């Protein structure tokens, strides 16, 4: 991860820059409800402009068109408008992202042109698959995927990828742009710096906080983290599988991963061999059903959860034990809330934990927040600036934590 060319080292003078960005912003009726994702890209674009780029060609996706043109539903046009404001400068919107018209527009544009192409996932060749009118799955054609990729490549002299949250997929805009320099943008650079350090040479003690719902789909996540951490909190729905298996806890109607249950002792076994201290919750906020407005109660590992009730958050004693581990940590990676954060009644455990993680940052702890749900919590409670790094990609950060090679990152130029 440390070895990749980045925009700041990329000579852009006189050069057409084709830049993959993440402009998948929240929307209601083709009006942008939060422009944060667009503003995050501005530094990369403005850098190209300020250093004499002939053009910047922006490409991205939005919504779920699924390989079909939906310009009434998932057009990037509104985003071109918003971008005009943010840059203080015209953005040319083109109605497609490939083909002879688009290539002609991009071939030798007026010096300093900013161009936004239309949604990449209007074409089946981006993701390599999609759906038709009736919702039947359809596959893309190999020769067409090739031509789509060659068309994207014509649009610039150099390539910048600043869409970390898509770099876990081998999509055409991630891996298909064949130019002699392919560099990470300023957002990508951040992602690579933080996760490279945490995976290759973290501060010690290194704590991982892993939350979620099921166990069986995080074996490799847990396995790879146990190769590298000094401590690991387990929370969220996951924990009840560990507790039933390890302590014969009665869990009522709480999530139970029947498959995951059978490898729990194997995971602890590995932790023991490596000297990883595992901190599991010891008490819970319970709900009579999986509903935002369910009746609430309280339970401990000792009491167990009564029949017909489920544990949707940790309780105050668990919060302390989590806090003891956070206090010891010099580096933290947090991927996954420890309760049903979406519903206020079961968000306290995650909010409290978030406060401890903020306080740790103040004292010099390195704190990395995974994308997806953990980063939503940071947005929702105004702590994006109070941790060291909030990741911009859920699936992407998770695959890095699993120890995988990300196609989009791997395709970047070295040194």
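Numbering follows the first chain given and starts at 1.
Of 214 to 222 and 127 to 135, the one with larger mean CA B-factor: Comparing 127 to 135 with 214 to 222, the higher average CA B-factor belongs to 127 to 135.
Comparing 380 to 388 with 354 to 362, the one whose average Cα B-factor in the PDB entry is higher: Stretch with the greater average CA B-factor: 380 to 388.
Residue with highest C-alpha B-factor in the PDB entry, from 293, 279, 241, 166: When the deposited C-alpha B-factors of 293, 279, 241, 166 are compared, 293 is largest.
Maximum C-alpha temperature factor, selected from 323, 150, 332, 261: That would be 261.
Assigned third (lowest, middle, highest) for the C-alpha B factor of residue 176: CA B-factor rank for residue 176: lowest third.
Ranked against its chain, the third holding the CA B-factor of residue 374: According to the entry, residue 374 has a C-alpha B-factor in the chain's highest third.
Residue 248 CA temperature factor, ranked by third within the chain: Tercile = highest for this residue's CA B-factor.
Ranked against its chain, the third holding the CA B-factor of residue 45: Answer is middle: the recorded C-alpha B-factor places it there.
Residue 303 by Cα B-factor - lowest, middle or highest third of the modelled chain: According to the entry, residue 303 has a C-alpha B-factor in the chain's middle third.
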